[PDB]
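These are the residues of each chain, in order.
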Amino acid sequence: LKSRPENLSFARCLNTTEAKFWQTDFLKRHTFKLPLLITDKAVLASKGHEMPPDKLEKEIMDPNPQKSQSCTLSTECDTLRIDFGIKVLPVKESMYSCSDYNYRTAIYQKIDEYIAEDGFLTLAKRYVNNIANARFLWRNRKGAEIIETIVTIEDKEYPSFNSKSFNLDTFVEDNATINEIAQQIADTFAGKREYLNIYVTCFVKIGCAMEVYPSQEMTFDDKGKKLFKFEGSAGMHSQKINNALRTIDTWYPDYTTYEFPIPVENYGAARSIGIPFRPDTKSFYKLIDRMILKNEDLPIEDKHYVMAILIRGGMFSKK
Amino acid sequence: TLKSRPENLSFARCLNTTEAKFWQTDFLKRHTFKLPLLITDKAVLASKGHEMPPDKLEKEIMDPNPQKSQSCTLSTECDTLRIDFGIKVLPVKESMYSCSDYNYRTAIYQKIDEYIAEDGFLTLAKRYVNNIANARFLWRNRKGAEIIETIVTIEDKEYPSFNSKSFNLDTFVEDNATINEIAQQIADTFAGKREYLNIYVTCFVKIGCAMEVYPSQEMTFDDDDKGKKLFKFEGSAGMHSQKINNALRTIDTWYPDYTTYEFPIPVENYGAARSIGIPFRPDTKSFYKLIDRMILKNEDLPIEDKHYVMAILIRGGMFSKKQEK
Amino acid sequence: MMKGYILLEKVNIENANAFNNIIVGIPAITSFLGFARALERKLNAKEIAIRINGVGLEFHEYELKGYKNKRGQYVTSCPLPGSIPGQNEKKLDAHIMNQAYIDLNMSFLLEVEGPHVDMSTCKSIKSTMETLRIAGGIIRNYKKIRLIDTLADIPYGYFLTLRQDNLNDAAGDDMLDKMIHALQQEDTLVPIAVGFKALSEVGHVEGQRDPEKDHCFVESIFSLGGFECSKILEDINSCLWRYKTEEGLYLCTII
Amino acid sequence: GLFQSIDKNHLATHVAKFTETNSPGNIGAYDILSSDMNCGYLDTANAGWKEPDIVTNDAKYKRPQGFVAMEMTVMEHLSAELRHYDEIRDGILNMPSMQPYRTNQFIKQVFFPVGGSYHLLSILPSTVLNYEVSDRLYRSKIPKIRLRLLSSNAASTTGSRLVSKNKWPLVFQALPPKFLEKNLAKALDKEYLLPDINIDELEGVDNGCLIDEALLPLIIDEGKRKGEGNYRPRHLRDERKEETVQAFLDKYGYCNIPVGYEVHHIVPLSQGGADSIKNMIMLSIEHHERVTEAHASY
DNA sequence: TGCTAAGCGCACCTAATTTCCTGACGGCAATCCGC
C-alpha cells in the first residue's frame, strides 16, 4: 500500500445533538422547567478600541452605539438546565469514502487490533469524564454553587454527578458510574452494540437573574452579537459540546511541560494555548502514513490519538 | 447482417423514482401525526486541519477557518423521520425512444421477448424490491436507528410492512411473500403485460429525539458562497430521485470479481461505483461488449450476463455507436 | 366531427428542462406542444382518432431547482454527472455542461377535434398520461382529466399568451435591444422560446435519429409572453398555442 | 503562428459543441442572411452580433483566437500599425465557414410537425447570441441568472472563442410571477390532518357510534387540539365524497345511515382535516350539534 | 327554528433636534478535458 486513497473520508462516531436551555429552581428541579429566551440589548458605549493618533483626537469622546443580544435568567429561577443527547456509532462502520479496498481492509485490521488490545475503553472513559466534569458548560461553569449532571441511557437514569468535584486536567478511572457508561460506549465503538443514544441533562445553580451565555453565531459579511436560538429558546451549538467532549488528548509531545488536555485535532492546534502541539511526526497524517502505509507498531498513546480522530472524522484524502 | 449498433440508440428509464420529502413524527403516533422538517443554516468556526504543503503549514496551522453550512435535525419532541417517495415502473420495450436501424430494433425486441420467456424480469424485480425493503435509500439515515419500517402501496393496496433492519445489505432474499407479491407486478410491468405501475413507499426511521437528519446535498457552483447547500423540496428537506435510484440499482452481484469483493454495486455501463475507484467491469464483462456479443454476433450468453444487460436497459441511457466525423 | 375542450388539471412535473441557450426558467413551448403531439400519437395508436390542434398553458406553482442568494439572484443546481458516452467514458468523474431544471404544476387545456369526444377519451388520456413526459420531466401526479364547456370550469391559474406587439413596438436598435428595453418597461413579461428557424436546407445528413424523415439544422427563436388570470381571459382561443409552419420557420403562435 | 494557423480555424455563429463538448467533428453554422427587424422573434440575424466566433479544433492553431482578443480590439479590422507575419493581412475575413455536414447523438435532435408529416430538427446552439446577451445584461437590471457550470477546460474543449471568454454566461430569467412560487405554506395547505384516535379501539364506541357521553369532551378536545390554527379557505379544503361515508359504515355494516346520527369529521374539514375513514365518528345529532357549536366558538 | 329593516362613522393643525453606530483573525481539501 503506497499513498492514501484519492477519496478518503470518515464520519463522526459521537453525534451530539444541539442543546436547549431551560430555567428551573434547584429544590424543584425534578418537577418544573421554563423556557429561556434571548433578549435584544442595544448598548451605548465609549470609543475604547485602540485608534491611531490622528483618529483618537477626533473620536475619543464620541458616543458608540452598538447592537447586541443577551440571555439572562428570571428573578424567580436560580438554575440553568441544558439538555442534549449523544448518538454513539461504531468506528468500522464510519468510513464514508475509500477509493481503495486494500486500504479499507488495512484500516479494519488495525481497528480490530485496537479492539483486541483496549476495547475503546480509555477513550470512552475520557469521554464520560468530559460528560461528568461538565466541560460543555464553557462560560457557564464559572461562578456556580452546585453543578449536577444526570446521564440517561435507554430508560435508566444513572446516579448523578457532582461535576464540581472533578478536576478538568485529570481523568478519573475509578468511578463506578463513569466505568459503567464507558463500557457501553466502548462496546458501541467496538461493534458489539450497533448504536447507543445517551441523553444528558445538567443543572447549573448559578443564581437569580444571572447571565446565561449561549453560543454566538458566526457573521461573515459587514456585525453584532447574534446568539443561538434552538426552537425559540436559547441554546448551544453541537460543535461546541463536541469540542468539549474531545478535550481528551494528553498524548502530545509536550505534555509534561503543559500538563492539561487539548482537543483532538489533526495538527494538534489549541486555541486556548495558542501554539500548535502536533505540527510534525506526531500528527495524524504522519501517524496514518506510518500505521497503514508502512506497517509499524506505534505506541499505544499514538494509537489512542489515531482512533480519537477516527471518532472525530474528516476528509483525509490525498491528491 | 447487423455489423454495428445504431447511430442513435436511446433508452428511457423504466424505474422512474420521484423526489423525496422528509417529515418528522413520533413513533407511537406515526400513522396520524406528521410535522414539517426544515433545513436550518449552521455557521461554523473551525481550524485549518487539511493537508497543505510544509511551507504553508508554518504560516497557517493556527489560523481560524470559518465556514458556511446548512443542517437538518429533528425536533426536541419528535424522534422519527418520515420519507415518502413514489416510483413509476414502465415497460422495457416501450422505453426505446430512438433507434435508427430497423433490424437492430427487431433483434433487440426478440432478445427482450426471449428474456420474458426465461425469467421474465422477475429476479431483477425481486432485487429492486429488496433494495426497497432493506432501506438502502436511507444512505446515512440508516445508521443509528432503533426501528426502520418500510411500507409499500401499489395502486391502493397497502401491503404488510417491512422490518428493514432484518435484511442484510449484501444478501438478496428470494422468499418473502410481500417481496414476491410486489416483484411479480413489477415484472409484469417490465414485460409489457401492464403499461404502468405506481408504487408509493413510506419509511419510518426511529433515530432518536433531536438527532441529525441527512438530506441530499445540492451541487451549486457559486463563487461568492461555497458551503453545504442541502436540498429543500417545497420548503422542507428531502432527497433527489437520483440518490434513491442509485440505491435501488445496487443489485449487480454478477461482476468478474464478486467472490473477492462480496458487495452489490450499482448497475452502470463499465461497472463504475463511486465508492471504489477502479472500474469493476472494464473490458470483457462490460455492457457494450456483452450486448455486441448478444445482438450482433448472436450467441447465448450466461443468464447472469443477461441479467446485467437487462438491468442496464432498465437503467437506460445513450447506447449508440462510437460516433464518427 | 366533434370539437371540444379537455383540461388536464394540475399536472405536477418533476425535474423538467429549463435551458434554451439564453433562458433559464419556463421550458420551451415546443416542449408542451410535443407533449400534446405525443399524447395525440399514443391515443391514435390505441385506435382513438383525436387531432389535438391547440394547447392552453396554465401555471399554478413553480420551483427552479437551486437556491436564492442573499443578493436576490438565482443559483441553479445540477445532478452529479454519471457515465457520459464518449472518449472519457471510463473515468469516474464526468464533465459538467450547461443545464437547468424546473418543477412545475400546470394545467393543459387542449383543443380536441375527434369523431367522439366523451369521458371515455378522458379515461384514455388518464391511461396515456402515465407513460409520457412533459419537457423532459416525470409526472408525479395529476388531479383530474375533465371536459370543460366555457371559461368558468377552468380553475384559478395564470396562463401564458404571446405578446409580440409589445416586442415589435419597442425602443430600437436590434431585436435583443428591443427585448431588453421591453422587459425594462413591463416587469410582468417574460422571454419565451417559441420555436425554430432553419440554418440550412431540407435534406438527408448522416447521424439522424430517423433516417427516413427529412432533416434541417435549426436555431431557436425567442419572443415575449405574459401572464393573465383565468377570470380576466376573454374569449379563450387566445390562450391556445398552436403549431404554425412557413418556409424556414417552425413557429408556435397564439393566433 | 498567426500566419500559418488561419487555414484550420473556422468561422461560425453556431457551434455544436456548446450543448455537449463530446460531439465529434467540426459541426456548426454561419448565418449571415438579413435582419427582418419586425418579425416577432430574436434570431442570430436579428440581434446585433457585433463580434463573430472563431472555432478551432486543435490547441496549436489557436493564434487567431488570441489575435482578435487584444484590446486597442483587432476587431477594428472592419489603427493600422504594421510589420511586427504577412498572410495575416485581413485573412481573418475570408476564413472557411463552419458548414453543417452531419449529425450525432450529442446534438439535440427533435421532431416538428410540418403539414401532416414531420421534420427532424437537430438544434445547433448560438455562441454569438449568448455572448451578446451576456454583454447586454451586465449593463442592465432585467431578471438574470449566471450559469457557473462550464469549466475553462471544457470551454477550451468547445473550440469556440466567445465561450472561452464567456464560460459562465449571464442569461435571462423566465420565471412565473413570484406569488406562484413554492413554499412550505403552499404545500402544508395541500396536506390534510388525520385524527390521533382509532375509532376501532376507542374504549366506549358501539361499533361506530359514541356510546359514552364523556367521550365527547375527548372528541371535542382532539378536534380542537389537532387543527386549532389550521383553518383553510374553500379552494384549499378537501372535497367531500360519498364513498367515504359509505366506506365508514361498510366498516360495521349499518347500510342506511343510522337515524339520529351524523358522520362527524373529528378534525373539521374547514380547520384542516382529511376526507378519510379515520376522520369520522357516527355521533348522535344532539352531541354533533354540541361539537359543531363548541368548535364554532373555538 | 327563526334571531330586522334604514340612514352614516368630521371638519384642522402637526408628528423635534445632537452625537454616533467597534476593534481581530479567518472564510478547506477533491473532482467535474476530447483528441
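Residues numbered from 1 in each chain as written, not as in the entry; some residues may be left out. Chains lettered and ligands numbered in written order. Part of a larger assembly, values for the part shown. Heavy atoms only, no water. Residues with missing side-chain atoms left out of burial classes, pairs and counts.

Method of structure determination, per the deposited record: cryo-EM was used for this entry, reaching 2.90 Å resolution.

The subject of this paragraph is a positive patch on the surface. Residue and element names in this part refer to chain A. Together, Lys41, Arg139, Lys142 and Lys225 make up a positively charged patch on the protein surface. Note that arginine 139 resides in the loop between α3 (121-132) and β11 (146-153). The class of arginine 139 is partly exposed, set by a relative accessible area of 48%. (Patch = residues over 30% accessible without salt bridge, like charges linked within 9 Å, V, L, I, M, F, W, Y side chains within 5 Å. Areas by Shrake-Rupley, 256 points an atom, 1.4 Å probe, with all protein chains shown as cover. Salt bridge = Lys/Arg side-chain N within 4 Å of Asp/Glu carboxyl O. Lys, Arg positive; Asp, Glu negative; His and termini not counted. Charge placed at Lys NZ, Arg CZ, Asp CG, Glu CD. Helix = DSSP H or I, 4+ residues; strand = E, 2+ residues; numbered from the N terminus. Buried < 20%, exposed > 50% of the residue type's maximum accessible area, 1.4 Å probe, protein only.)

This next bit is on a nonpolar patch on the surface. A surface patch of nonpolar side chains, about 320 Å² in accessible area, is lined by A:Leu56, A:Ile60 and A:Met61. Relative to the helices and strands, A:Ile60 is located in the loop between α1 (53-56) and β7 (63-66).

Turning to the sheet that holds strand β19 (residues 314-315) of chain A, a few remarks are in order. The strand order across the open sheet built from three strands is β10-β1-β19 (chain A), with neighbouring strands paired in antiparallel fashion. For this open sheet the edge positions go to β10 (95-98) and β19 of chain A, each flanked by a neighbour on one side alone. (Pairing = 2+ DSSP bridges.)

What follows deals with the arrangement of the chains. Contacts are most numerous, across the four pairs of chains in contact, for chains C and D. Here chain A and chain C are not in contact; the least distance found between their C-alpha atoms is 11 Å. Chain D makes no contact with chain A, the minimum C-alpha separation between the two being 18 Å. (Contact = heavy atoms within 4.5 Å.)

The partner chain C presents 75 residues to the 71 residues of chain D that form the contact. Approximately 7100 Å² of surface area, both sides summed, lies buried where chain D meets chain C, with 62% of it carried by carbon and sulfur atoms. Per-residue buried area on chain D facing chain C is highest for D:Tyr41, D:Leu149 and D:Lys182; these three make up 11% of the total on that side. Here chain D is connected to chain C by six salt bridges. There are 41 residue pairs in polar contact connecting chain D and chain C. Mapped by element, the contributors of at least two residues to the side of chain D that touches chain C are β5 (108-114), β6 (117-123), α1 (127-138), β7 (144-146) and β8 (170-174) of chain D. Along the lines of polarity and charge, the residues of the side of chain D that touches chain C split into 38 nonpolar, 19 polar and 14 charged. Note: strand β11 (residues 215-229) of chain C against β6(D), four bridges, orientation parallel. (Buried area = accessible area lost by both parts, 1.4 Å probe. Polar contact = N/O pair within 3.5 Å; in protein donor to acceptor, adjacent residues only side chain to side chain. Nonpolar A, V, L, I, M, F, W, Y, C, P; charged D, E, K, R; others polar.)

Every contact between the two is made by 41 residues of chain B and, on the other side, 38 residues of chain A. Together chain B and chain A conceal approximately 3200 Å² of surface at their shared face, both sides included; 57% is due to carbon and sulfur atoms. On the chain B side of the contact with chain A, B:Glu51, B:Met62 and B:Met211 bury the most area, a combined 19% of that side's loss. In this assembly, chain B and chain A are joined by 14 residue pairs in polar contact.

Right, let's get into the protein's contact with DNA strand E. Taken together, the neighbourhood of DNA strand E is formed by 39 residues, with A:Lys47, B:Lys48, B:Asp63, D:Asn22 and D:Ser151 sitting nearest. Protein-adjacent atoms of DNA strand E, using a 4 Å cutoff, are sugar or phosphate at a proportion of 57%. Interatomic distance of 2.8 Å between a side-chain N/O atom of A:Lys47 and a phosphate oxygen of DNA strand E. Within the side chain of D:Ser151, an N or O atom sits 2.9 Å from a phosphate oxygen of DNA strand E. Class assignment of the residues belonging to the surface near DNA strand E gives a composition of 13 nonpolar, 16 polar and ten charged. (Near = heavy atom within 4 Å.)

Looking now at the packing of α3(A) against helix α7 (residues 300-312) of chain A. Between two packed helices, the angle of one axis relative to the other and the distance separating the axes together describe the packing. Residue and element names in this part refer to chain A. Axis separation between α3 and α7 bottoms out at 10 Å; the angle between their running directions is 60°. Overall, the two elements α3 and α7 adopt an arrangement that is oblique. As α3 runs across α7, the sense of the crossing is right-handed. On α7, the residues touching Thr122, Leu123 and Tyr127 of α3 are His304, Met307, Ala308 and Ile311. Looking at the contact of α3 with α7, its residues break down into five nonpolar, two polar and no charged. (Axes fitted to C-alpha atoms, helices over the stretch in contact; angles between N-to-C directions. Parallel < 35°, antiparallel > 145°, perpendicular 65-115°, else oblique. Left-handed = near helix turned anticlockwise from the far one by under 90°.)

With 97 residues, the main nonpolar core has C:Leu8, C:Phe108 and C:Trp241 as its most contacted residues. In this structure C:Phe108 touches C:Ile6, C:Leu7, C:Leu8, C:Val11, C:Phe32, C:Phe35, C:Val55, C:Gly56, C:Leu57 and C:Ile134, once residues within four positions along its chain are discounted. Membership of the second largest hydrophobic core comes to 83 residues, among which are B:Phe11, B:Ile244, B:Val267 and B:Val309. (Core = buried A, V, L, I, M, F, W, Y, C linked by side-chain atoms within 4.5 Å.)

The subject of this paragraph is the environment of D:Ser270. All names here are of chain D. For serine 270, the location among the structural elements is in the loop between β11 (261-264) and β12 (281-284). For the pair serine 270 and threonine 157, spaced 113 residues apart in sequence, the C-alpha separation works out to 60 Å. When sequence neighbours within four positions are dropped, the list of residues in contact with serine 270 reads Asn230, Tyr231, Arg232 and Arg237.

A contiguous patch of negative charge, built from B:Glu114, B:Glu118, B:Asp119 and B:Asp300, is present on the exposed surface. Mapped onto the elements of the fold, B:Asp119 is located in the loop between α2 (102-117) and α3 (122-133).

Once that is clear, we can look at the sheet that holds strand β13 (residues 212-213) of chain B. All names here are of chain B. An order of β5-β6-β13 is seen for the three strands of this open sheet, with the pairing classed as antiparallel. Of all the strands in the sheet, the pair left with one neighbour each is β5 (40-47) and β13. Of the pairings in the sheet, the one linking β5 to strand β6 (residues 64-73) comprises eight bridges and is antiparallel in character. Across the sheet, residue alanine 43 finds its bridge partner in β6, namely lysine 68.

This part takes up unusual backbone geometry. Although it is not a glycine, C:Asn237 adopts a positive phi angle of roughly 40°. Locating C:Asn237 in the fold gives a position in the loop between β11 and β12 (240-245). The exposure class assigned to C:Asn237 is partly exposed, which follows from its relative accessible area of 39%. At D:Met37, a position not held by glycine, the phi torsion is positive, near 75°. With respect to the element layout, D:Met37 can be found in the loop between β3 (28-29) and β4 (53-55).

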